[PDB]
Amino acid sequence: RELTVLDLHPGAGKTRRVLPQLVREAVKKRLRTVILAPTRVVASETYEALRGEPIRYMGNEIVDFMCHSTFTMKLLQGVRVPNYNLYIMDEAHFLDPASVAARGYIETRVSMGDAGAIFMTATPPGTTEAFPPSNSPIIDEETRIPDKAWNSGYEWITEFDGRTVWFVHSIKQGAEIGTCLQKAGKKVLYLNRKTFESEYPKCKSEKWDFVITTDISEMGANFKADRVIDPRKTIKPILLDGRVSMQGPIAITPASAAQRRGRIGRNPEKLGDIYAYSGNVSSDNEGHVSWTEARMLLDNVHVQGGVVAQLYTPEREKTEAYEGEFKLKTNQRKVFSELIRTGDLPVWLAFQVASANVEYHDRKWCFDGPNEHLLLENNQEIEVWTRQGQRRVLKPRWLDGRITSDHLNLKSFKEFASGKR
Numbered sequence: 092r093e094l095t096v097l098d099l100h101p102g103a104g105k106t107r108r109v110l111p112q113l114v115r116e117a118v119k120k121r122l123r124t125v126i127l128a129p130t131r132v133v134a135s136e137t138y139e140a141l142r143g144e145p146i147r148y149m150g151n152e153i154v155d156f157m158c159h160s161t162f163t164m165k166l167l168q169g170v171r172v173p174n175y176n177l178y179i180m181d182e183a184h185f186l187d188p189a190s191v192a193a194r195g196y197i198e199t200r201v202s203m204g205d206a207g208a209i210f211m212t213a214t215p216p217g218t219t220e221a222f223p224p225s226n227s228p229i230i231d232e233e234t235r236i237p238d239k240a241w242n243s244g245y246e247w248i249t250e251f252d253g254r255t256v257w258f259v260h261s262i263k264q265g266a267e268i269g270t271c272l273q274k275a276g277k278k279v280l281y282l283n284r285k286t287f288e289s290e291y292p293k294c295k296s297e298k299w300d301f302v303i304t305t306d307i308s309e310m311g312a313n314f315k316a317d318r319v320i321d322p323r324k325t326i327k328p329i330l331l332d333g334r335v336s337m338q339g340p341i342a343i344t345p346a347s348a349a350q351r352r353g354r355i356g357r358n359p360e361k362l363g364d365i366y367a368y369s370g371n372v373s374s375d376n377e378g379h380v381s382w383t384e385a386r387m388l389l390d391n392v393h394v395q396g397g398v399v400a401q402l403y404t405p406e407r408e409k410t411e412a413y414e415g416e417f418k419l420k421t422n423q424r425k426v427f428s429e430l431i432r433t434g435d436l437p438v439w440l441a442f443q444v445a446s447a448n449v450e451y452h453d454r455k456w457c458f459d460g461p462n463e464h465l466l467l468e469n470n471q472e473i474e475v476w477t478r479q480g481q482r483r484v485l486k487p488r489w490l491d492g493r494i495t496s497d498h499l500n501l502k503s504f505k506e507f508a509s510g511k512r
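My numbering puts the sequence shown at residues 92 to 512.
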């Protein structure tokens, strides 16, 4: 029947209260259901909250449970996914192309009449509120926030008795800020897409003063913190002139701001929680590669009894691609899939390689581009050594700035260019 959007503000208990109720009534109604979590960690949390329920986390059960990206990857690979009666997407505002594509596929199943769906998020796609409601009042304090280490000033930061979550725009900025705080005698934990599963439980088991986080904490983290610091900055990949550039620091979206702020004001009985922020929010993200990558995915997903899925309705404005534009042949699509799935390449990059008819195992495109595509890190070229042991610098045929945007991406691309995966 329905695509229901339920806008539960942060702390409303989507996962702990609402979702278990929804799963109970889906089981009672004998609805074949999937629950889509944005991340593995959220998935694990959600599984706990749903103990006692007949859930298959990816005897007999009618309710499945997996990540957004697992879901659309299965669709990309042509491995059969059930004709679900009910799709529940948690954190349905997530902007990763895999989530955006999943949204579009699901609205297509609902529109075809195969299923109902529920999209759960504090900040629904199309809505624009940066100061949503909270369990407890939040003090919004517009202020001056350092973008680098400081020798003096900003005493409001260090003269504070409680726990602060500080959102930075990169691992590198987080390193410079956290060390400055450690120098000032503060106990600090660092959270990024890598270090999360080791350092996140330490938010509980350990005493701390500051958590320095990337946008990884934007969904996926219950802190018992007293303050959030948010300069509202991100670095985003932009498509222009047949290449992807990292641009920033630039303003985050209202949805991200709301989620950052939403880390606090979640205990009804505790009043002094503070949101310390600067800068404005922006919806002008049409240049973001994400929207194109979502189409590259959706153009390569078969829908039984249908045609190419369009993006979720309020997100269709974000791209001008015609449908089927990024459609690949069978073998090319196979290469595209694995370049993303196993190679860990960004979607846009995986698309250029595959559509050029390069085989998965053939990594010469990583070295034989034009001189203008020489990759640099700390202002220097990157010497690699291939499987045969070859003196080659990184210089890809297609330039995606994400290769060198941080050390995790570069290490991963170096391994790929070497023929490791």
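Cβ atoms here follow ideal geometry from the backbone N, Cα and C, with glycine treated the same way.
Indicate the three-state DSSP secondary structure (helix, strand or coil) for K324 in the structure shown.
-> strand
Give me the Cα-Cα distance between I431 and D459, rounded to the nearest whole angstrom.
-> 21 Å
Counted within 10 angstroms of its Cβ, other Cβ atoms place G150 as buried (16 or more) or exposed | exposed
Using 10 angstroms around the beta-carbon of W241, count the other beta-carbons present and answer buried if the total reaches 16, otherwise exposed.
-> exposed
Under 7 Å between C-beta atoms of residue 82 and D453 = One cannot answer for residue 82 here, as it falls past the ends of the chain, which runs 92 to 512.
C-alpha distance - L280 paired with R235, whole-angstrom precision | 23 Å
Between the CA atoms of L127 and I179 - distance to the nearest angstrom | 6 Å
For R386, which of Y403, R131, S289 has the nearest alpha-carbon?
-> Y403
Alpha carbon to alpha carbon, how far is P111 from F287?
-> 26 Å
Opposing strand residues paired with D155 [DSSP bridges] = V125, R147
Please report the residue range of the alpha helix (DSSP H) in which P111 lies.
-> 110-119
Can you check DSSP and say which residues form a bridge with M164?
-> DSSP lists no partner for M164.
Of the residues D390, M310, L466, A508, which one's Cα is nearest the Cα of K486?
-> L466
Contact check, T219 vs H184, beta carbons under 7 Å | no
Give me the Cα-Cα distance between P345 and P224, rounded to the nearest whole angstrom.
-> 14 Å
Does the Cβ-Cβ distance between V259 and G253 come in under 7 Å?
-> no
To the nearest angstrom, report how far apart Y413 and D332 are at their CA atoms.
-> 19 Å
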